[PDB]
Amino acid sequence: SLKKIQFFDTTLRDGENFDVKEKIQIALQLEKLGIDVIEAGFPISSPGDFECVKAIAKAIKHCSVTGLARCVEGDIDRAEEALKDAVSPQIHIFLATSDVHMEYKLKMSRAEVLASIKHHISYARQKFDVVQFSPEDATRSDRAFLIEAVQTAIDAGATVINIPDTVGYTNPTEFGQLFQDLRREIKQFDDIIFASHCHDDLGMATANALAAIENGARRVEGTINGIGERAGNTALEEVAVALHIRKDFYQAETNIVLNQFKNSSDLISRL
């Protein structure tokens, strides 16, 4: 039917072997496939990444290109530099919101986390019209606080909120509920693009992405083939095919060119 699901591919990021011309090649196949957003890299991470993100940003003419940044002004500056020639640039910023991460990793309190999010999302918003924000480790976050962190990013200018199952152990019941909670508590929900980024540790990343869509998500992030990370990401091909075959149930359309999926798939496998 009428609701539109966007696709966000992070294949070029979770190459964790791809050389430069190979990244460019993949990127152009992704674009051909009708992927809406290509995450090209994490520019601050190394000079190589920086040049690679620039390279893909220059090659792409028909979709959006994005790069990763922490809540650190330098990363955002570097991403803005990397993406300056993108036809439709975005930036993807993240910060963990779970108790364990805040205590042991960030060494920051809830108040500090919300304050970092507000500052860095606003900071980025001055440079990018489209700011995606991900509360890292969302699925193990205190739920009230997860809602706080997400409201904070929205207030500050984030127009895409991506919910990752960073650990990979959620299920459709638990994840769908997470989205229900966001819908109920975030007044701006219907004006904001919500995405998921599921991991396949338990073999449920596809079901999890679709449960998020049944519950409000209008975007799915993942990879060609579901490669990456420990136990893999959401296989975008599986999600697109489920939406197509059960259009009666999901009532959604996408921009994907279905017949370009095996090209995309064989290319990625080949490398």
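Just count from 1 along the sequence shown to find any residue number.
- A chain break between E16 and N17 is present, corresponding to 4 to 9 residues of the deposited sequence without coordinates.
- As the entry records it, the average C-alpha temperature factor is higher for 225 to 233, out of 225 to 233 and 39 to 47.
- For the two regions 99 to 107 and 112 to 120, the entry's Cα B-factors average higher over 99 to 107.
- In the PDB entry, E73 places in the middle third of its chain by CA B-factor.
- Ranked within its chain, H197 lands in the lowest third, by CA B factor from the PDB record.
- Among the modelled residues of its chain, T170 has a C-alpha B-factor that falls in the lowest third according to the deposited record.
- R219: CA B factor lies in the lowest third for its chain, per the PDB record.
- The entry lists a Cα temperature factor for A82 that places it in the middle third of the chain's modelled residues.
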